[PDB]
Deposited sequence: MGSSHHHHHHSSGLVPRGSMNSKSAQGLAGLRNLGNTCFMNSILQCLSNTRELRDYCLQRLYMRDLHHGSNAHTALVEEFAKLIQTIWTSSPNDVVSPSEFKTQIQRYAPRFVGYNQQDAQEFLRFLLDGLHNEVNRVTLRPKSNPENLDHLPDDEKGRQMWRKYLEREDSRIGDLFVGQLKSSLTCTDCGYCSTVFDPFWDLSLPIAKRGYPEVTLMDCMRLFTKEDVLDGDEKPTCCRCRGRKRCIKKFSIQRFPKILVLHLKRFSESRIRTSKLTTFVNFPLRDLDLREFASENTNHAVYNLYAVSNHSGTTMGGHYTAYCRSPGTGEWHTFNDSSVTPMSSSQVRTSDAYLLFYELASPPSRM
């Protein structure tokens, strides 16, 4: 059995182990590491303060060459991530999505195919899809890596003035989607429908219409212009008061079909990993449930302990990040 190594907790580092296992079971990212394809994309050597991709790929290689129930230490890797992002120095608990964002940022910068980034323009003459394509091209001039090949999509936001009827569109890249908890019996599709719903911006939220030249009630709506190969869904388990929102969100393990949210008319995903947070907003504990890319069986990865589980045990109210791969 392959890739079934535990990761030693180093002192409140469950958040880091959870994400690492989710990444370890991200098949193409794992393969980029095992095939050492990153060595082609690094532009020069590292030193002791800059070897983030090196240490991340070596941890991955170690996990994928282990025997089941081996326990691997990610202490070297932690040294590199806290050098890149000093909020991770020391041994306080941290948020798994915050860690994900910083880690993928450092990995991407280090393997960015763009070695000297370029330094805006009026695209009103273009149809929407072509404006999207041009904005994507522009983003790729600055950010273009194997890591972005996997996680990056593009959101279209349409802002329509209820007075002159002008719809302003903007296209924002994304590397994950943080989704609101919707609604009883909440599904992930309800949460994505809430994310993308027409949102009426009125009262103290009236935008200034760039044609009426005053504050106007506008309708703002999202759709997905480009779907990423790996879609990370972050559930905003934060209630208004602050404390953790523990709602059971029913997400599917296969056939998450997001075609309804597309900007135009390949938006079917299968789950392969979950980062779980259990406990109080502070003092909680992270685990991961991951589908092995080779066998399709699920395992719970809880720091040192890797145990088998049924797929029926994957969906729980503690799920916090969902890792989906295009079918």
Check: Which parts of the deposited sequence have no C-alpha atoms in the model?
Finding: 1-24, 144-145, 210-212, 271-273, 298-299, 362-367
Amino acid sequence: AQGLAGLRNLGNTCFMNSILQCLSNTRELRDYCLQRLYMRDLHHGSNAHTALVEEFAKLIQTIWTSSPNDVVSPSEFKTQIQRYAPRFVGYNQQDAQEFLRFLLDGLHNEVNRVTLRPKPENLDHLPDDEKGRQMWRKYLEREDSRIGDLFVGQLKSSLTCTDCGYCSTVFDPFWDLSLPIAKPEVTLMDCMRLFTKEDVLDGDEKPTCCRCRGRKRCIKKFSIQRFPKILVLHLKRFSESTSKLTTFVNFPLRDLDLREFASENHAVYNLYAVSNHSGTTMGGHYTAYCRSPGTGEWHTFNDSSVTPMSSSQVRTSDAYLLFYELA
From here on, numbers count along this sequence of modelled residues.
Next item on the list: Look over 243-251 and 209-217 in the entry and identify the one with the greater average Cα temperature factor.
Entry: 209-217
Next item on the list: Could you check the entry and say whether 56-64 or 40-48 has the higher mean CA B-factor?
Entry: 40-48
Check: In the PDB entry, which of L256, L201, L123, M192 has its C-alpha at the highest B-factor?
Finding: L123
Next item on the list: In terms of CA temperature factor as recorded, identify the highest of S18, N12, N25, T307.
Entry: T307
Next item on the list: Using the B-factor values recorded in the entry, state whether the Cα atom of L34 falls in the lowest, middle or highest third among the modelled residues of its chain.
Entry: highest
Check: Among the chain's modelled residues, which third holds the C-alpha B-factor of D95?
Finding: lowest
Margin query: For the chain shown, is the CA B-factor of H108 in the lowest, middle or highest third of its modelled residues?
Written below: lowest
Check: Would the CA B-factor of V268 place it in the lowest, middle or highest third of its chain?
Finding: middle
Note to self: Test of reading the entry: by CA B factor among the chain's modelled residues, which third contains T115?
What the structure shows: highest
